[PDB]
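Asks: before I ask anything, here's the sequence and the deposited coordinates:
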Amino acid sequence: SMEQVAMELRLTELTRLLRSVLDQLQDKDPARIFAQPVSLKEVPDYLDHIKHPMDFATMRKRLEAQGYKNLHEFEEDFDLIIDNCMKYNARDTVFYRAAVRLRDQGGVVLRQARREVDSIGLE
């Protein structure tokens, strides 16, 4: 149907917007601490601590499969990256501090993304 095509154009548009948001958020991680899954070879107990691992590469895979249906789903994965890190790592670590900085700097990007999704009406 035309309606299905319209809906898919909308999702393709959302994907385009989220791809841009993801690129901007990742730029706030110049150290690439959150670029890849935490290695279960280098951190063998990680899944005992963290039940839903997340990272930017995993997000990008889902994004390109058009697996984010709205901005809230995307934000939930970004929040996982930050919250997992701030639980596993102590406050006085380069890892915890990187997550705080990503959280603070990303907030601005996500604030405007929410306005754009609403105004353009992409979800």
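Replies: Here it is on my side, so go on. Numbers count the residues shown, from 1 in each chain.
Asks: count of residues packed around residue 14?
Replies: Neighbours of residue 14 under the rule other Cβ atoms under 10 Å: 21. (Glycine included, C-beta is placed from N, CA and C.)
Asks: list the contacts for the closest residue to it other than its chain neighbours?
Replies: Distances taken as Cβ to Cβ, 6 or more residues apart in numbering place residue 122 nearest to residue 14, at 4.6 Å, with adjacent residues excluded. Each residue near residue 122 by Cβ atoms under 8 Å, 6 or more residues apart in numbering is listed here: 10, 13, 14, 17, 116.
Asks: work out for me the element the second one sits within.
Replies: Secondary-structure assignment from DSSP states H and E places residue 13 in helix 2-27.
Asks: show me what that helix is packed against.
Replies: helix 56-64, helix 71-88, helix 94-120 (3 or more Cβ pairs under 8 Å, 6 or more residues apart in numbering; DSSP states H and E).
Asks: how about 7 Å then?
Replies: On a contact count with 3 or more Cβ pairs under 7 Å, 6 or more residues apart in numbering; DSSP states H and E, helix 2-27 meets helix 56-64, helix 94-120.
Asks: from residue 38, how far off is residue 48?
Replies: 12 Å (Cβ to Cβ, to the nearest Å).
Asks: the two: which is more packed in?
Replies: residue 38 (20 against 8).
Asks: that one is in contact with residue 53, isn't it?
Replies: Yes: assessed by Cβ atoms under 7 Å, residue 38 is found in contact with residue 53 at 6.1 Å.
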